[PDB]
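So this block is entry-v1.txt, compact mmCIF, N, CA, C and O atoms:
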```
# COMPACT_ATOMS: atom_id res chain seq x y z
N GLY A 1 39.93 -77.81 -36.67
CA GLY A 1 40.24 -77.56 -38.07
C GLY A 1 41.23 -78.55 -38.64
O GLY A 1 42.26 -78.16 -39.20
N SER A 2 40.93 -79.83 -38.49
CA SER A 2 41.81 -80.89 -38.99
C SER A 2 42.05 -80.73 -40.49
O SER A 2 41.11 -80.76 -41.29
N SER A 3 43.31 -80.56 -40.86
CA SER A 3 43.68 -80.39 -42.27
C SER A 3 44.70 -81.44 -42.69
O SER A 3 44.52 -82.13 -43.70
N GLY A 4 45.77 -81.56 -41.91
CA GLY A 4 46.81 -82.53 -42.22
C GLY A 4 47.31 -83.25 -40.99
O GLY A 4 48.29 -82.83 -40.38
N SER A 5 46.64 -84.34 -40.63
CA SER A 5 47.03 -85.12 -39.46
C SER A 5 47.37 -84.21 -38.29
O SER A 5 48.34 -84.44 -37.57
N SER A 6 46.56 -83.17 -38.10
CA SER A 6 46.78 -82.22 -37.02
C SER A 6 45.52 -82.07 -36.16
O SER A 6 44.43 -82.46 -36.58
N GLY A 7 45.68 -81.50 -34.97
CA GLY A 7 44.56 -81.31 -34.08
C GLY A 7 44.85 -80.31 -32.98
O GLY A 7 44.63 -80.59 -31.80
N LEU A 8 45.34 -79.14 -33.37
CA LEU A 8 45.67 -78.09 -32.41
C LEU A 8 44.58 -77.02 -32.38
O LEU A 8 44.26 -76.42 -33.40
N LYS A 9 44.01 -76.80 -31.20
CA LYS A 9 42.95 -75.80 -31.04
C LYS A 9 43.53 -74.49 -30.51
O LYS A 9 44.02 -74.42 -29.39
N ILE A 10 43.45 -73.45 -31.34
CA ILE A 10 43.96 -72.14 -30.95
C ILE A 10 43.04 -71.47 -29.94
O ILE A 10 41.99 -70.94 -30.30
N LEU A 11 43.45 -71.49 -28.68
CA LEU A 11 42.66 -70.88 -27.61
C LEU A 11 42.68 -69.36 -27.72
O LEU A 11 41.63 -68.73 -27.87
N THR A 12 43.87 -68.78 -27.64
CA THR A 12 44.02 -67.33 -27.74
C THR A 12 44.96 -66.95 -28.87
O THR A 12 46.17 -66.81 -28.68
N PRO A 13 44.40 -66.78 -30.08
CA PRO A 13 45.18 -66.41 -31.27
C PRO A 13 45.70 -64.98 -31.20
O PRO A 13 45.15 -64.14 -30.47
N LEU A 14 46.75 -64.70 -31.95
CA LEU A 14 47.35 -63.37 -31.98
C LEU A 14 46.30 -62.31 -32.32
O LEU A 14 45.34 -62.58 -33.03
N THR A 15 46.50 -61.10 -31.79
CA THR A 15 45.57 -60.01 -32.03
C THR A 15 46.28 -58.81 -32.66
O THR A 15 47.40 -58.48 -32.27
N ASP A 16 45.63 -58.18 -33.63
CA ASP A 16 46.20 -57.02 -34.31
C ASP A 16 46.74 -56.01 -33.30
O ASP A 16 46.03 -55.59 -32.39
N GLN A 17 48.00 -55.63 -33.47
CA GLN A 17 48.64 -54.67 -32.58
C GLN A 17 49.06 -53.41 -33.33
O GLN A 17 49.72 -53.50 -34.37
N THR A 18 48.68 -52.25 -32.81
CA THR A 18 49.02 -50.98 -33.43
C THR A 18 49.62 -50.01 -32.42
O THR A 18 48.95 -49.59 -31.48
N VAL A 19 50.89 -49.66 -32.62
CA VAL A 19 51.57 -48.74 -31.72
C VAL A 19 52.36 -47.70 -32.51
O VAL A 19 52.52 -47.81 -33.72
N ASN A 20 52.86 -46.69 -31.80
CA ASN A 20 53.64 -45.62 -32.43
C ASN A 20 55.10 -46.02 -32.55
O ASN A 20 55.57 -46.93 -31.87
N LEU A 21 55.83 -45.33 -33.43
CA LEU A 21 57.24 -45.61 -33.64
C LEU A 21 58.01 -45.54 -32.32
O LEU A 21 57.97 -44.53 -31.62
N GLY A 22 58.72 -46.62 -32.00
CA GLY A 22 59.49 -46.66 -30.77
C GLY A 22 58.85 -47.54 -29.71
O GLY A 22 59.54 -48.27 -29.00
N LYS A 23 57.53 -47.46 -29.61
CA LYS A 23 56.79 -48.26 -28.63
C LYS A 23 57.32 -49.69 -28.58
O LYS A 23 57.94 -50.16 -29.53
N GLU A 24 57.07 -50.37 -27.47
CA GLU A 24 57.52 -51.75 -27.30
C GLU A 24 56.49 -52.73 -27.84
O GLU A 24 55.44 -52.95 -27.23
N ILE A 25 56.79 -53.31 -29.00
CA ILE A 25 55.88 -54.27 -29.62
C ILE A 25 55.57 -55.43 -28.68
O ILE A 25 56.38 -55.78 -27.82
N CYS A 26 54.39 -56.02 -28.85
CA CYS A 26 53.97 -57.14 -28.02
C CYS A 26 53.03 -58.07 -28.78
O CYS A 26 52.18 -57.61 -29.54
N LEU A 27 53.20 -59.37 -28.58
CA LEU A 27 52.37 -60.36 -29.25
C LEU A 27 52.30 -61.65 -28.44
O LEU A 27 53.28 -62.40 -28.37
N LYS A 28 51.14 -61.91 -27.85
CA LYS A 28 50.95 -63.11 -27.05
C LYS A 28 49.86 -64.00 -27.66
O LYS A 28 48.83 -63.51 -28.11
N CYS A 29 50.11 -65.30 -27.66
CA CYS A 29 49.16 -66.26 -28.22
C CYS A 29 49.21 -67.58 -27.46
O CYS A 29 50.29 -68.07 -27.12
N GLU A 30 48.04 -68.16 -27.20
CA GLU A 30 47.96 -69.42 -26.48
C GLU A 30 47.43 -70.53 -27.39
O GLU A 30 46.76 -70.26 -28.38
N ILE A 31 47.74 -71.77 -27.04
CA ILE A 31 47.30 -72.92 -27.82
C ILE A 31 46.96 -74.10 -26.92
O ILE A 31 47.48 -74.22 -25.80
N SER A 32 46.10 -74.99 -27.41
CA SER A 32 45.69 -76.16 -26.64
C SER A 32 46.74 -77.26 -26.74
O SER A 32 46.42 -78.43 -26.97
N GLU A 33 48.00 -76.88 -26.56
CA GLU A 33 49.10 -77.84 -26.63
C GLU A 33 50.39 -77.22 -26.10
O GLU A 33 50.54 -76.00 -26.08
N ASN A 34 51.33 -78.07 -25.69
CA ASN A 34 52.60 -77.61 -25.16
C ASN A 34 53.75 -77.97 -26.10
O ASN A 34 54.40 -79.00 -25.93
N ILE A 35 53.98 -77.12 -27.09
CA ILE A 35 55.05 -77.35 -28.06
C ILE A 35 55.65 -76.04 -28.54
O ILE A 35 54.98 -75.01 -28.64
N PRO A 36 56.96 -76.07 -28.84
CA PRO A 36 57.69 -74.89 -29.31
C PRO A 36 57.28 -74.47 -30.72
O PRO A 36 56.89 -75.31 -31.53
N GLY A 37 57.36 -73.17 -31.00
CA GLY A 37 56.99 -72.67 -32.31
C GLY A 37 57.91 -71.57 -32.78
O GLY A 37 58.70 -71.03 -32.01
N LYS A 38 57.81 -71.22 -34.06
CA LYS A 38 58.64 -70.17 -34.64
C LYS A 38 57.77 -69.09 -35.28
O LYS A 38 56.65 -69.35 -35.72
N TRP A 39 58.30 -67.87 -35.34
CA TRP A 39 57.57 -66.75 -35.92
C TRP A 39 58.09 -66.44 -37.32
O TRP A 39 59.23 -66.78 -37.67
N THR A 40 57.26 -65.79 -38.13
CA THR A 40 57.63 -65.44 -39.49
C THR A 40 56.95 -64.15 -39.93
O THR A 40 55.75 -63.96 -39.72
N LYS A 41 57.72 -63.26 -40.55
CA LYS A 41 57.19 -61.99 -41.03
C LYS A 41 57.28 -61.89 -42.55
O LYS A 41 58.25 -62.35 -43.15
N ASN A 42 56.26 -61.30 -43.16
CA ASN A 42 56.22 -61.15 -44.61
C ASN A 42 56.72 -62.41 -45.30
O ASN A 42 57.35 -62.34 -46.36
N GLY A 43 56.44 -63.56 -44.70
CA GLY A 43 56.87 -64.82 -45.28
C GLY A 43 58.37 -65.02 -45.19
O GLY A 43 59.02 -65.36 -46.17
N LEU A 44 58.92 -64.80 -44.00
CA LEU A 44 60.35 -64.95 -43.78
C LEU A 44 60.65 -65.27 -42.31
O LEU A 44 59.93 -64.84 -41.41
N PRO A 45 61.73 -66.02 -42.08
CA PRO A 45 62.15 -66.40 -40.72
C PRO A 45 62.68 -65.22 -39.92
O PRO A 45 63.83 -64.81 -40.09
N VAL A 46 61.84 -64.67 -39.06
CA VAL A 46 62.22 -63.53 -38.23
C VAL A 46 63.58 -63.77 -37.57
O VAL A 46 63.87 -64.87 -37.10
N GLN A 47 64.40 -62.73 -37.54
CA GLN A 47 65.73 -62.82 -36.93
C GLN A 47 65.68 -62.45 -35.45
O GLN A 47 64.95 -61.54 -35.06
N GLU A 48 66.46 -63.16 -34.64
CA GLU A 48 66.50 -62.90 -33.21
C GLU A 48 67.74 -62.09 -32.84
O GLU A 48 68.76 -62.14 -33.54
N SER A 49 67.65 -61.35 -31.74
CA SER A 49 68.77 -60.53 -31.28
C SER A 49 68.48 -59.94 -29.90
O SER A 49 67.33 -59.94 -29.44
N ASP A 50 69.52 -59.45 -29.24
CA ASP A 50 69.38 -58.86 -27.91
C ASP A 50 68.06 -58.10 -27.79
O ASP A 50 67.35 -58.22 -26.79
N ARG A 51 67.74 -57.32 -28.82
CA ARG A 51 66.51 -56.54 -28.83
C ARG A 51 65.29 -57.44 -29.02
O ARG A 51 64.28 -57.29 -28.33
N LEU A 52 65.40 -58.37 -29.96
CA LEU A 52 64.31 -59.30 -30.25
C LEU A 52 64.44 -60.57 -29.42
O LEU A 52 65.35 -61.38 -29.64
N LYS A 53 63.54 -60.75 -28.46
CA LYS A 53 63.55 -61.92 -27.60
C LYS A 53 62.20 -62.63 -27.62
O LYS A 53 61.16 -62.01 -27.36
N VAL A 54 62.21 -63.92 -27.93
CA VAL A 54 60.99 -64.71 -27.98
C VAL A 54 60.82 -65.55 -26.71
O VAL A 54 61.46 -66.59 -26.56
N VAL A 55 59.96 -65.09 -25.81
CA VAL A 55 59.71 -65.80 -24.56
C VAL A 55 58.52 -66.74 -24.70
O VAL A 55 57.51 -66.40 -25.30
N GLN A 56 58.65 -67.93 -24.12
CA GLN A 56 57.59 -68.93 -24.18
C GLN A 56 57.25 -69.44 -22.78
O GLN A 56 58.14 -69.73 -21.98
N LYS A 57 55.95 -69.55 -22.50
CA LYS A 57 55.49 -70.03 -21.20
C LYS A 57 54.56 -71.22 -21.36
O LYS A 57 53.36 -71.06 -21.60
N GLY A 58 55.11 -72.42 -21.22
CA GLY A 58 54.32 -73.63 -21.35
C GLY A 58 53.58 -73.69 -22.68
O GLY A 58 54.17 -74.03 -23.71
N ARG A 59 52.29 -73.38 -22.65
CA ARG A 59 51.47 -73.41 -23.86
C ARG A 59 51.13 -71.99 -24.32
O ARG A 59 49.99 -71.71 -24.68
N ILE A 60 52.12 -71.11 -24.30
CA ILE A 60 51.93 -69.73 -24.71
C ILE A 60 53.22 -69.13 -25.27
O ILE A 60 54.30 -69.32 -24.71
N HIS A 61 53.10 -68.41 -26.38
CA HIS A 61 54.25 -67.79 -27.02
C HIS A 61 54.13 -66.27 -27.00
O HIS A 61 53.15 -65.71 -27.49
N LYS A 62 55.13 -65.61 -26.42
CA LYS A 62 55.13 -64.16 -26.33
C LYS A 62 56.29 -63.57 -27.13
O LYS A 62 57.38 -64.13 -27.18
N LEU A 63 56.04 -62.42 -27.76
CA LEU A 63 57.06 -61.76 -28.56
C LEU A 63 56.94 -60.24 -28.44
O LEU A 63 55.91 -59.66 -28.77
N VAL A 64 58.01 -59.60 -27.97
CA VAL A 64 58.03 -58.15 -27.81
C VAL A 64 59.33 -57.56 -28.34
O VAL A 64 60.40 -58.13 -28.16
N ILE A 65 59.22 -56.40 -28.98
CA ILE A 65 60.39 -55.72 -29.53
C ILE A 65 60.76 -54.50 -28.69
O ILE A 65 59.89 -53.77 -28.22
N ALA A 66 62.06 -54.29 -28.51
CA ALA A 66 62.55 -53.15 -27.74
C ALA A 66 62.02 -51.84 -28.29
O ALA A 66 61.45 -51.03 -27.55
N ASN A 67 62.20 -51.63 -29.59
CA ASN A 67 61.73 -50.41 -30.24
C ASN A 67 60.99 -50.73 -31.53
O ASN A 67 61.57 -51.30 -32.46
N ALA A 68 59.72 -50.37 -31.59
CA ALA A 68 58.90 -50.61 -32.77
C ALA A 68 59.47 -49.90 -33.99
O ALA A 68 59.21 -48.72 -34.21
N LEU A 69 60.25 -50.63 -34.78
CA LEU A 69 60.86 -50.06 -35.98
C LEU A 69 59.89 -50.11 -37.16
O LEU A 69 59.00 -50.96 -37.21
N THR A 70 60.07 -49.19 -38.11
CA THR A 70 59.21 -49.13 -39.28
C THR A 70 59.06 -50.51 -39.93
O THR A 70 57.98 -50.89 -40.36
N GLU A 71 60.17 -51.25 -39.99
CA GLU A 71 60.16 -52.58 -40.59
C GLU A 71 59.03 -53.43 -40.01
O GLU A 71 58.46 -54.27 -40.70
N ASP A 72 58.72 -53.19 -38.74
CA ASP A 72 57.66 -53.94 -38.07
C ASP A 72 56.38 -53.94 -38.90
O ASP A 72 55.70 -54.96 -39.01
N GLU A 73 56.06 -52.79 -39.48
CA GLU A 73 54.86 -52.65 -40.31
C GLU A 73 54.83 -53.73 -41.39
O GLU A 73 55.64 -53.72 -42.32
N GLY A 74 53.88 -54.65 -41.27
CA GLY A 74 53.76 -55.72 -42.24
C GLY A 74 52.75 -56.77 -41.82
O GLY A 74 51.65 -56.45 -41.38
N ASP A 75 53.12 -58.04 -41.97
CA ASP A 75 52.24 -59.14 -41.61
C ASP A 75 53.00 -60.21 -40.83
O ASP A 75 53.92 -60.84 -41.36
N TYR A 76 52.62 -60.42 -39.58
CA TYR A 76 53.27 -61.41 -38.73
C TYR A 76 52.51 -62.73 -38.77
O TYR A 76 51.29 -62.76 -38.83
N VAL A 77 53.26 -63.83 -38.72
CA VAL A 77 52.67 -65.16 -38.75
C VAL A 77 53.48 -66.15 -37.92
O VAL A 77 54.70 -66.22 -38.04
N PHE A 78 52.79 -66.90 -37.07
CA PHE A 78 53.45 -67.88 -36.21
C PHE A 78 52.99 -69.30 -36.54
O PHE A 78 51.87 -69.50 -37.03
N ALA A 79 53.85 -70.27 -36.27
CA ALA A 79 53.52 -71.67 -36.54
C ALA A 79 54.31 -72.60 -35.63
O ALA A 79 55.49 -72.38 -35.34
N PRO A 80 53.65 -73.67 -35.15
CA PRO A 80 54.27 -74.65 -34.27
C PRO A 80 55.32 -75.50 -34.98
O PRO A 80 55.26 -75.69 -36.19
N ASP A 81 56.28 -76.01 -34.22
CA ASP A 81 57.34 -76.83 -34.78
C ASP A 81 56.92 -78.30 -34.83
O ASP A 81 57.75 -79.19 -35.01
N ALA A 82 55.63 -78.54 -34.67
CA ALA A 82 55.09 -79.90 -34.69
C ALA A 82 53.95 -80.02 -35.70
O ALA A 82 53.79 -81.06 -36.35
N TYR A 83 53.16 -78.96 -35.82
CA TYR A 83 52.03 -78.95 -36.74
C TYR A 83 52.30 -78.01 -37.92
O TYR A 83 53.32 -77.33 -37.96
N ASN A 84 51.36 -77.98 -38.86
CA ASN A 84 51.49 -77.12 -40.03
C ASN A 84 50.50 -75.97 -39.98
O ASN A 84 50.16 -75.37 -41.00
N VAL A 85 50.03 -75.65 -38.77
CA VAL A 85 49.08 -74.56 -38.58
C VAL A 85 49.78 -73.21 -38.61
O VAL A 85 50.94 -73.08 -38.22
N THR A 86 49.06 -72.19 -39.08
CA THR A 86 49.61 -70.85 -39.17
C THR A 86 48.63 -69.82 -38.62
O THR A 86 47.44 -69.83 -38.96
N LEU A 87 49.12 -68.92 -37.78
CA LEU A 87 48.29 -67.88 -37.18
C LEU A 87 48.66 -66.50 -37.73
O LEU A 87 49.67 -65.91 -37.34
N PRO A 88 47.83 -65.98 -38.64
CA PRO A 88 48.05 -64.67 -39.25
C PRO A 88 47.84 -63.53 -38.27
O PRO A 88 47.16 -63.68 -37.25
N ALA A 89 48.43 -62.37 -38.57
CA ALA A 89 48.31 -61.20 -37.71
C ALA A 89 48.64 -59.92 -38.47
O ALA A 89 49.43 -59.94 -39.41
N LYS A 90 48.03 -58.82 -38.06
CA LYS A 90 48.25 -57.53 -38.70
C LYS A 90 48.80 -56.52 -37.71
O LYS A 90 48.46 -56.54 -36.53
N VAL A 91 49.66 -55.62 -38.19
CA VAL A 91 50.26 -54.60 -37.34
C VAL A 91 50.48 -53.31 -38.12
O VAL A 91 50.54 -53.31 -39.35
N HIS A 92 50.61 -52.20 -37.39
CA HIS A 92 50.83 -50.90 -38.01
C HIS A 92 51.63 -49.98 -37.08
O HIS A 92 51.41 -49.97 -35.87
N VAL A 93 52.55 -49.22 -37.66
CA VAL A 93 53.37 -48.30 -36.89
C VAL A 93 53.13 -46.85 -37.31
O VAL A 93 53.11 -46.54 -38.50
N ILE A 94 52.95 -45.98 -36.33
CA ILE A 94 52.71 -44.56 -36.60
C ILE A 94 54.02 -43.80 -36.73
O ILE A 94 54.93 -43.96 -35.91
N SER A 95 54.11 -42.97 -37.76
CA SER A 95 55.32 -42.18 -37.99
C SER A 95 55.56 -41.20 -36.85
O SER A 95 54.63 -40.81 -36.14
N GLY A 96 56.81 -40.80 -36.67
CA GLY A 96 57.15 -39.87 -35.61
C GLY A 96 58.24 -38.89 -36.02
O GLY A 96 58.50 -38.69 -37.21
N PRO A 97 58.88 -38.26 -35.03
CA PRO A 97 59.95 -37.28 -35.27
C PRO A 97 61.22 -37.94 -35.81
O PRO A 97 62.12 -37.25 -36.30
N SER A 98 61.28 -39.26 -35.73
CA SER A 98 62.44 -40.00 -36.21
C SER A 98 62.21 -40.51 -37.63
O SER A 98 61.65 -41.58 -37.84
N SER A 99 62.64 -39.71 -38.61
CA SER A 99 62.48 -40.07 -40.01
C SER A 99 63.66 -39.57 -40.84
O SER A 99 64.51 -38.84 -40.34
N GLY A 100 63.69 -39.96 -42.11
CA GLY A 100 64.77 -39.53 -42.99
C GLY A 100 66.14 -39.91 -42.46
O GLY A 100 67.15 -39.63 -43.09
```
How would this structure read if it were set down as structure tokens?
Amino acid sequence: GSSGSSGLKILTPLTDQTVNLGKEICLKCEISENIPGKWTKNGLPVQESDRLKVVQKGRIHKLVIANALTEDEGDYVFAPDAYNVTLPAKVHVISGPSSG
């Protein structure tokens, strides 16, 4: 999908993930290249923290959350720090006893 002087082939793109409130979020994606990338939610630079840890394995980016918070519900998007490619993703969180 050459668009702008790029040539990255998405081997294993992100897959829609749906879990209940609290569950441990997970998002793994592979690419035909070995380069670092960043994640973005609802069009914003996701924040990192003890709970939020972005693990990377060679040509694969993994992302899991300690507790699936309501905020999670939205649209996740990842992109390499070398190319201008973007991998869209959908997620949903089920309500629970923890509300109000």
TODO: Grab the atom CA of residue 29 of chain A to atom N of residue 12 of chain A distance for me, in Å with one decimal place.
DONE: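 Going from atom CA of residue 29 of chain A over to atom N of residue 12 of chain A, I get 5.9 Å.
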As a PDB file with N, CA, C and O atoms, in the frame of the given file, please: the residues near residue 10 of chain A (cut-off 8 Å, all atoms listed in the file, same-chain neighbours under 5 positions excluded).
```
ATOM      1  N   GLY A   1      39.930 -77.810 -36.670  1.00  0.00           N
ATOM      2  CA  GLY A   1      40.240 -77.560 -38.070  1.00  0.00           C
ATOM      3  C   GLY A   1      41.230 -78.550 -38.640  1.00  0.00           C
ATOM      4  O   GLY A   1      42.260 -78.160 -39.200  1.00  0.00           O
ATOM      5  N   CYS A  29      50.110 -65.300 -27.660  1.00  0.00           N
ATOM      6  CA  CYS A  29      49.160 -66.260 -28.220  1.00  0.00           C
ATOM      7  C   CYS A  29      49.210 -67.580 -27.460  1.00  0.00           C
ATOM      8  O   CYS A  29      50.290 -68.070 -27.120  1.00  0.00           O
ATOM      9  N   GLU A  30      48.040 -68.160 -27.200  1.00  0.00           N
ATOM     10  CA  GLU A  30      47.960 -69.420 -26.480  1.00  0.00           C
ATOM     11  C   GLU A  30      47.430 -70.530 -27.390  1.00  0.00           C
ATOM     12  O   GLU A  30      46.760 -70.260 -28.380  1.00  0.00           O
ATOM     13  N   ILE A  31      47.740 -71.770 -27.040  1.00  0.00           N
ATOM     14  CA  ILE A  31      47.300 -72.920 -27.820  1.00  0.00           C
ATOM     15  C   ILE A  31      46.960 -74.100 -26.920  1.00  0.00           C
ATOM     16  O   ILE A  31      47.480 -74.220 -25.800  1.00  0.00           O
ATOM     17  N   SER A  32      46.100 -74.990 -27.410  1.00  0.00           N
ATOM     18  CA  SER A  32      45.690 -76.160 -26.640  1.00  0.00           C
ATOM     19  C   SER A  32      46.740 -77.260 -26.740  1.00  0.00           C
ATOM     20  O   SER A  32      46.420 -78.430 -26.970  1.00  0.00           O
ATOM     21  N   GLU A  33      48.000 -76.880 -26.560  1.00  0.00           N
ATOM     22  CA  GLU A  33      49.100 -77.840 -26.630  1.00  0.00           C
ATOM     23  C   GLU A  33      50.390 -77.220 -26.100  1.00  0.00           C
ATOM     24  O   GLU A  33      50.540 -76.000 -26.080  1.00  0.00           O
TER      25      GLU A  33
END
```
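With distances taken over all atoms listed in the file, A:93 is the one residue among A:82, A:93, A:44, A:52 lying closest to residue 22 of chain A.
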TODO: May I ask for the distance between atom C of residue 65 of chain A and atom O of residue 96 of chain A, given in Å to one decimal place?
DONE: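 A separation of 18.1 Å between them.
Distance check against residue 16 of chain A using only C-alpha atoms: of A:28, A:100, A:81, A:53, the minimum falls on A:28.
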Open item on the list: Between A:36, A:80, A:4, A:13, which residue has the minimum interatomic distance to residue 58 of chain A, considering all atoms listed in the file?
Closed with: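 When distances to residue 58 of chain A are compared using all atoms listed in the file, the smallest one comes from A:36.
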- [ ] Determine the nearest neighbour of residue 23 of chain A from the options A:35, A:8, A:68, A:94, counting all atoms listed in the file.
- [x]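 For residue 23 of chain A, the nearest of the candidates is A:68.
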Task: Atomic separation - atom C of residue 76 of chain A relative to atom O of residue 24 of chain A, Å - done: 15.4 Å
Open item on the list: DSSP on the backbone: which residues in segment 19-88 of chain A end up as strand (DSSP E or B)? Give the answer as a ChimeraX atom specification.
Closed with: /A:19-20,27-30,37-41,44-45,52-56,60-65,75-80,87-88
Which polymer residues, protein or nucleic acid, are no farther than 8 Å from (53.6, -66.6, -38.9), counting only C-alpha atoms, as a PDB file with N, CA, C and O atoms, in the coordinates of the input?
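Listed below is the output, part-v5.pdb:
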```pdb
ATOM      1  N   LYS A  38      57.810 -71.220 -34.060  1.00  0.00           N
ATOM      2  CA  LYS A  38      58.640 -70.170 -34.640  1.00  0.00           C
ATOM      3  C   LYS A  38      57.770 -69.090 -35.280  1.00  0.00           C
ATOM      4  O   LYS A  38      56.650 -69.350 -35.720  1.00  0.00           O
ATOM      5  N   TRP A  39      58.300 -67.870 -35.340  1.00  0.00           N
ATOM      6  CA  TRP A  39      57.570 -66.750 -35.920  1.00  0.00           C
ATOM      7  C   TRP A  39      58.090 -66.440 -37.320  1.00  0.00           C
ATOM      8  O   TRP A  39      59.230 -66.780 -37.670  1.00  0.00           O
ATOM      9  N   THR A  40      57.260 -65.790 -38.130  1.00  0.00           N
ATOM     10  CA  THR A  40      57.630 -65.440 -39.490  1.00  0.00           C
ATOM     11  C   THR A  40      56.950 -64.150 -39.930  1.00  0.00           C
ATOM     12  O   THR A  40      55.750 -63.960 -39.720  1.00  0.00           O
ATOM     13  N   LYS A  41      57.720 -63.260 -40.550  1.00  0.00           N
ATOM     14  CA  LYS A  41      57.190 -61.990 -41.030  1.00  0.00           C
ATOM     15  C   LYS A  41      57.280 -61.890 -42.550  1.00  0.00           C
ATOM     16  O   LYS A  41      58.250 -62.350 -43.150  1.00  0.00           O
ATOM     17  N   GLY A  43      56.440 -63.560 -44.700  1.00  0.00           N
ATOM     18  CA  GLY A  43      56.870 -64.820 -45.280  1.00  0.00           C
ATOM     19  C   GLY A  43      58.370 -65.020 -45.190  1.00  0.00           C
ATOM     20  O   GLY A  43      59.020 -65.360 -46.170  1.00  0.00           O
ATOM     21  N   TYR A  76      52.620 -60.420 -39.580  1.00  0.00           N
ATOM     22  CA  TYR A  76      53.270 -61.410 -38.730  1.00  0.00           C
ATOM     23  C   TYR A  76      52.510 -62.730 -38.770  1.00  0.00           C
ATOM     24  O   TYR A  76      51.290 -62.760 -38.830  1.00  0.00           O
ATOM     25  N   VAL A  77      53.260 -63.830 -38.720  1.00  0.00           N
ATOM     26  CA  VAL A  77      52.670 -65.160 -38.750  1.00  0.00           C
ATOM     27  C   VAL A  77      53.480 -66.150 -37.920  1.00  0.00           C
ATOM     28  O   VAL A  77      54.700 -66.220 -38.040  1.00  0.00           O
ATOM     29  N   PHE A  78      52.790 -66.900 -37.070  1.00  0.00           N
ATOM     30  CA  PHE A  78      53.450 -67.880 -36.210  1.00  0.00           C
ATOM     31  C   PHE A  78      52.990 -69.300 -36.540  1.00  0.00           C
ATOM     32  O   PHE A  78      51.870 -69.500 -37.030  1.00  0.00           O
ATOM     33  N   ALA A  79      53.850 -70.270 -36.270  1.00  0.00           N
ATOM     34  CA  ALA A  79      53.520 -71.670 -36.540  1.00  0.00           C
ATOM     35  C   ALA A  79      54.310 -72.600 -35.630  1.00  0.00           C
ATOM     36  O   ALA A  79      55.490 -72.380 -35.340  1.00  0.00           O
ATOM     37  N   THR A  86      49.060 -72.190 -39.080  1.00  0.00           N
ATOM     38  CA  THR A  86      49.610 -70.850 -39.170  1.00  0.00           C
ATOM     39  C   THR A  86      48.630 -69.820 -38.620  1.00  0.00           C
ATOM     40  O   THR A  86      47.440 -69.830 -38.960  1.00  0.00           O
ATOM     41  N   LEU A  87      49.120 -68.920 -37.780  1.00  0.00           N
ATOM     42  CA  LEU A  87      48.290 -67.880 -37.180  1.00  0.00           C
ATOM     43  C   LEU A  87      48.660 -66.500 -37.730  1.00  0.00           C
ATOM     44  O   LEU A  87      49.670 -65.910 -37.340  1.00  0.00           O
ATOM     45  N   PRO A  88      47.830 -65.980 -38.640  1.00  0.00           N
ATOM     46  CA  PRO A  88      48.050 -64.670 -39.250  1.00  0.00           C
ATOM     47  C   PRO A  88      47.840 -63.530 -38.270  1.00  0.00           C
ATOM     48  O   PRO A  88      47.160 -63.680 -37.250  1.00  0.00           O
ATOM     49  N   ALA A  89      48.430 -62.370 -38.570  1.00  0.00           N
ATOM     50  CA  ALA A  89      48.310 -61.200 -37.710  1.00  0.00           C
ATOM     51  C   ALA A  89      48.640 -59.920 -38.470  1.00  0.00           C
ATOM     52  O   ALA A  89      49.430 -59.940 -39.410  1.00  0.00           O
TER      53      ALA A  89
END
```
- [ ] Name all residues at most 6 Å from residue 63 of chain A (count only C-alpha atoms; drop same-chain ones fewer than 5 positions away) and give them as a list in words.
- [x]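 After dropping sequence-adjacent residues, the list is residues 26, 27 and 54 of chain A.
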TODO: Have a look at A:55, A:25, A:64, A:19 and name the one nearest to residue 92 of chain A; count only N, CA, C and O atoms.
DONE: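 The answer is A:19, which sits nearest to residue 92 of chain A.
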